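Once you've seen the sequence and the experimental structure below, I've got questions.
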Amino acid sequence: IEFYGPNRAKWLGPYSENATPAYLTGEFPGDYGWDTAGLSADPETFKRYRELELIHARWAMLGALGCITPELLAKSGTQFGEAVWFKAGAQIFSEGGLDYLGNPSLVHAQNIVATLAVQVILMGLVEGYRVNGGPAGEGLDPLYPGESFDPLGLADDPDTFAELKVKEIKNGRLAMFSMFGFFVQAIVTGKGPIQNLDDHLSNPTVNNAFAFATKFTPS
Amino acid sequence: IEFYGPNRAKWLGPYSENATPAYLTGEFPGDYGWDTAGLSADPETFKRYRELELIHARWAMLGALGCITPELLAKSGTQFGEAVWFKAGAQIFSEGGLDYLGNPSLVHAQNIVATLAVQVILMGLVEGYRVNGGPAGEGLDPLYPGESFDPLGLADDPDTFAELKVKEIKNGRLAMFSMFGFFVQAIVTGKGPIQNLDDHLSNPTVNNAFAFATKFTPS
Amino acid sequence: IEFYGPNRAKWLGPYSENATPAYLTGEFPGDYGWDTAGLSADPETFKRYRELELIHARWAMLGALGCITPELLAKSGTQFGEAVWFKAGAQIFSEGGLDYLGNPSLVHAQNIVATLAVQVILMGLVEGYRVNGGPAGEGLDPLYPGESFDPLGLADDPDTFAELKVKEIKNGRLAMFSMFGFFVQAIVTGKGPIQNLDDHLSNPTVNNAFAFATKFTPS
Ligand code: CHL
Ligand code: CHL
Ligand code: CLA
Ligand code: CLA
Ligand code: CLA
Ligand SMILES: CC(=C/C=C/C(C)=C/C=C/C=C(C)/C=C/C=C(\C)C=C=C1C(C)(C)C[C@H](O)C[C@@]1(C)O)/C=C/[C@@]12O[C@]1(C)C[C@@H](O)CC2(C)C
Ligand SMILES: CC1=C[C@H](O)CC(C)(C)[C@H]1/C=C/C(C)=C/C=C/C(C)=C/C=C/C=C(C)/C=C/C=C(C)/C=C/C1=C(C)C[C@H](O)CC1(C)C
Ligand SMILES: CC1=C[C@H](O)CC(C)(C)[C@H]1/C=C/C(C)=C/C=C/C(C)=C/C=C/C=C(C)/C=C/C=C(C)/C=C/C1=C(C)C[C@H](O)CC1(C)C
Ligand SMILES: CC1=C[C@H](O)CC(C)(C)[C@H]1/C=C/C(C)=C/C=C/C(C)=C/C=C/C=C(C)/C=C/C=C(C)/C=C/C1=C(C)C[C@H](O)CC1(C)C
């Protein structure tokens, strides 16, 4: 319970090998000291890796929640068409464009190339202004700004804020691994991941993983 | 990102010809140094042009939003009759006067000459009191007053206020150019501009502009 | 028109953001300052990237001309069999080995493992002697030697030689991007790229790209 210090929860716990690599000793969230290959020895490259991992973690968390929500919403009391995240990308082609919420009173996007061009414009703008700053105050911090992106004001107390940093990083790692699980389930079985959840909760041991283990057999 | 200074985003960027005309060097929003004819060499006439351009920009922005909103509102979930801005001016003549929102429980203006006379009276009053001041404090500034027209109080911090000035001017220029586009679409094809939007999004390249290029052919 | 200097044609030209990364300011061809990720901050690794990009550029230019020539030659007045670069690699297996120019009086390579072994021997020799030098004078420059590889003598005048450097790098970048296009056309449509050229020149807009956009649809 001492991540910011030498007594952090190390990568093997009581198999910790307390001779840790000296280029990271606490002082940054998520430092669990698991460097078996050591691709981040250089400090500026290490900083790039911190920024890159933060970006990956936030994007992956957003995608993971986006993979949990719509299927459950369409399973509970709404209808989307194909709420499973495979053909949600092809819902614009099928019959009447991509109707949001499965309702012909919402977005109803007919042409995907318009989404394409506007998306490129907006994403270029937001990513450029993410790197170099811009609106809502010029960006002075590349890792965590501290400017008007926290309209509630939770970043006053420092140690709870650092605990929030560590929770953010751990949640992002879990989100990245879980989205890898989503992608592998997309490959192997190619069905709904929450359909997978229901089917495994209905079938705990008879259809576990290895009925789907003789599919990609070369011959 | 330095509009208020010699390092403003000039009219050609890195084709800037940094020998700019010396009668404008920053210190005013929208100064992009593009004076190829030079019709504003005199300083008082230049001030007139700043005031005139501000008036044109605000009026054109109002008109542009007025050209985007009603068609979308009548396309989504309401009905107006002719929501396209052509015969919206003739909606008072058709059958039952100009019913607002397409509802016979709202304005229901029967005689257009009454709108005419009251509009002249009100417009004369508001423009005279715009020039020379009057209510809500006497007008001491012709460009931006600073009196009780900003009930929220966003004009405290000066540099963000200047950035707001520049955004206002750029939005006004875009609005003027876009309303010119609206007028040219009114002339050439004479159909709904958002109907144009939907048709070009449905037809990106087969009906682009030059099917409507052999209409005004003299003979 | 000033690549060797601060006034180079930067990556956005008129959106240049003249605060360029300081680890490259001219003095080398192809320096267009477009470092959004920054994977070449280290100077020796940057040198490796210059050498590597030169090798890639020359190899890709050779491959690109090798992808333009034979199809056109077999389309104009000669015959090769499959002049399209797909089965040109399998022309040794088909009936009578790989006959050069489509003529049974030229190379007529029967066994591909002989080409294989001789190719490995020759390529190991030339690549080793490329790295460490050797014949025709020992290699003293890893980037551009200056020894007897320019039997015409165009490297006397320095500024024209530097312009040749920049042309070489730009041609190489274009060749790499174009060969990527060749590979993507090999994947998606799997037909002749110059057959693609003729078909798009015959069909400019009816078969553009998105008839070939519903092929790799998962289900
Ligand atoms: C449109 C312009 C645009 C521009 C200029 C940038 C620019 C940038 N982005 Mg951004 N992005 C843009 C659009 C978008 N980005 C993202 C998502 C991200 C993420 C998630 C991240 C960035 C990052 C970055 C930075 C460097 C990334 C890089 O080197 O890419 C090179 C990479 C590729 C060309 C593709 C790499 C694919 C990857 C290997 C996936 C491999 C998949 C797995 C192996 C598993 C696959 C399936 C499963 C089942 C096994 C750079 C500033 C990174 C960053 O800021 O780090 C500090 C970062 O982490 N961008 C999305 C969402 C789709 C965009 C949509 O338009
Ligand atoms: C036979 C022995 C042989 C030896 C010892 C070398 C040795 C060397 N070569 Mg050479 N080569 C040899 C044969 C050949 N080379 C080349 C072509 C090249 C090129 C083009 C380059 C070198 C380079 C190098 C140097 C380091 C490259 C490396 O790290 O590879 C690791 C790489 C791989 C194992 C394969 C990488 C594949 C790559 C990722 C392709 C990805 C494809 C795209 C994503 C797109 C694909 C399809 C499209 C449609 C999307 C190294 C001195 C590089 C250099 O000198 O840089 C300064 C360099 O740029 N070699 C060819 C032509 C096929 C050879 C044929 O025999
Ligand atoms: C691309 C995503 C990515 C990136 C850049 C990083 C980056 C980093 N991680 Mg990290 N991590 C990730 C995903 C990622 N992580 C995921 C998904 C998990 C959960 C499994 C973890 C769990 C983890 C732990 C437990 C620790 C780190 C640590 C680190 C730091 C040092 C290690 C390093 O140099 O990594 C460089 C990484 C790369 C260059 C990415 C290479 C990716 C290629 C494609 C190979 C991946 C193949 C993979 C092994 C096959 C199975 C995939 C499956 C497991 C998902 C560095 C900031 C250590 C640290 O000190 O934290 C700050 C540490 O203790 N990570
Ligand atoms: C009538 C509207 C109007 C007026 C009075 C001004 C006034 C001004 N603009 Mg301006 N501008 C406008 C509309 C207008 N603008 C629009 C719509 C755009 C976008 C295309 C711009 C883009 C623009 C830039 C990029 C710059 C200016 C600048 C200036 C200032 C110096 C130039 C000058 O003396 O203009 C005098 C203008 C007139 C006397 C108007 C004459 C109008 C007649 C009918 C001719 C128009 C015909 C037209 C060319 C045909 C195509 C129309 C189509 C492009 C819409 C001055 C304050 C410069 C500056 O320093 O900013 C402060 C500068 O750098 N403007
Ligand atoms: C592998 C090929 C390769 C390599 C090693 C380089 C290397 C370099 N380029 Mg470069 N470039 C290339 C291909 C390549 N280029 C191509 C094909 C284009 C045309 C699109 C360009 C256009 C370009 C510009 C405009 C600029 C550079 C610059 C640079 C330098 C700094 C950037 C850097 O660190 O790159 C490191 C690169 C790599 C480590 C390669 C990673 C490759 C992986 C597979 C990711 C690629 C995925 C790709 C984005 C997906 C779409 C591919 C499609 C666009 C082809 C460096 C010497 C900058 C400079 O200063 O020039 C000297 C600069 O301004 N390049
Ligand atoms: C109206 C008109 C305009 C011409 C436009 C041109 C010439 C565009 C070419 C435009 C071509 C241009 C600009 C190319 C210019 C090349 C340059 C600058 C070279 C360069 C570079 C860079 C950037 C690498 C930078 C490097 O560091 C230095 C340097 C020097 O290497 C033509 C009309 C006619 O063609 C018709 C219509 C019908 C005919 O019958 C009659 C006529 C009159 C001839
Ligand atoms: C550390 C280390 C160390 C040692 O030394 C070495 C090694 C081992 C190599 C290393 C490792 C590495 C790794 C593992 C990595 C991984 C990563 C990942 C997983 C990522 C993900 C990542 C991921 C991510 C980002 C994701 C993202 C996502 C997204 C956006 C999504 C989207 C979406 C959504 C919403 C929904 C819809 O409907 C669809 C989609 C489209 C689906
Ligand atoms: C700068 C310069 C420089 C150089 O040197 C020379 C030159 C070139 C000459 C110059 C230029 C100029 C120009 C271009 C100008 C333009 C302008 C414009 C466009 C305006 C508009 C302008 C415009 C405007 C105001 C507008 C306004 C509008 C409005 C009110 C509207 C109204 C409406 C609405 C609401 C709706 C309904 O249903 C109808 C209507 C009725 C429709
Ligand atoms: C710069 C940067 C920056 C930022 O920061 C980040 C990023 C974006 C990542 C980066 C980028 C990168 C990139 C893009 C790369 C690319 C590359 C390429 C494309 C290469 C090619 C490359 C390519 C190449 C070499 C090629 C080569 C080729 C060859 C040999 C060929 C051969 C051949 C021939 C003759 C013909 C026959 O019949 C067949 C064949 C076999 C076909």
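Right, received. Where do you want to start? Numbering: from 1, shown residues only, chains lettered A, B, ... in the order given. Ligands and ions are numbered 1, 2, ... in the order given.

where do the strands sit along chain A?
According to DSSP state E, chain A carries no segments that qualify as strands.

where along it do the helices fall?
A:43-76, A:112-132, A:158-188, A:193-202 (DSSP state H).

Buried residues, the last one. List them.
This means helix A:193-202. Neighbour counts over helix A:193-202 (16 or more other C-beta atoms under 10 Å in any protein chain shown) mark A:193, A:194 as buried. To be clear about C-beta, it is placed using only N, CA and C from the backbone, and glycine gets the same treatment.

do that helix and ligand 7 meet?
No - Helix A:193-202 is not in contact with ligand 7 by C-beta under 6 Å from any ligand atom; minimum separation 10.5 Å.

Touching that helix from outside, list them.
A:67-68, A:71-72, A:75, A:84-85, A:182, A:185-186, A:189, A:207-208 (C-beta atoms under 8 Å, 6 or more residues apart in numbering or on different chains).

got the CA positions of that helix in PDB?
Extracted C-alpha coordinates of helix A:193-202, given in PDB (Å, rounded to 0.1, in the frame of the first residue of the first chain):
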ATOM      1  CA  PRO A 193     -18.500 -11.000 -26.100                       C
ATOM      2  CA  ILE A 194     -21.500 -10.400 -23.800                       C
ATOM      3  CA  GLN A 195     -23.100 -13.300 -25.700                       C
ATOM      4  CA  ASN A 196     -19.900 -15.100 -24.600                       C
ATOM      5  CA  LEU A 197     -20.600 -13.900 -21.100                       C
ATOM      6  CA  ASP A 198     -24.100 -15.200 -21.100                       C
ATOM      7  CA  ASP A 199     -23.200 -18.500 -22.700                       C
ATOM      8  CA  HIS A 200     -20.300 -19.200 -20.300                       C
ATOM      9  CA  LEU A 201     -22.600 -18.200 -17.300                       C
ATOM     10  CA  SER A 202     -25.100 -20.700 -18.700                       C
END
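
quick one: contacts for the residue most central in space within chain A?
Chain A has residue A:60 as the residue nearest its centroid, 1.3 Å off, counting by C-alpha atoms, centre = their mean. Counting by C-beta under 8 Å, 6+ apart, residue A:60 touches A:172, A:175, A:176, A:179.

Return the entry from the contacts of helix A:193-202 with the maximum number of neighbours.
Compared across these, residue A:71 has the highest neighbour count, 20 neighbours, by other C-beta atoms under 10 Å in any protein chain shown.

Check the gap between that residue and chain B for me.
28 Å (C-beta to the nearest C-beta, to the nearest Å).

how close does that residue sit to residue A:182?
Residue A:71 sits 11 Å away from residue A:182, going by C-beta to C-beta, to the nearest Å.

Need the overlap of contacts for the two.
Common contacts of residue A:71 and residue A:182 (C-beta under 8 Å, 6+ apart): A:85, A:193.

Run a quick neighbour tally on residue A:35.
With neighbours defined by other C-beta under 10 Å, the count for residue A:35 comes to 14.

How many neighbouring residues does whichever residue of chain A sits closest to ligand 2 have?
Using C-beta to the nearest ligand atom, the single residue of chain A nearest to ligand 2 is residue A:39, 16.9 Å away. Other residues near residue A:39 number 10, with proximity taken as other C-beta under 10 Å.

Could you do residue A:151 as well?
Neighbours of residue A:151 (other C-beta under 10 Å): 6.

Over to residue A:64?
For residue A:64, using other C-beta under 10 Å, the count is 20.
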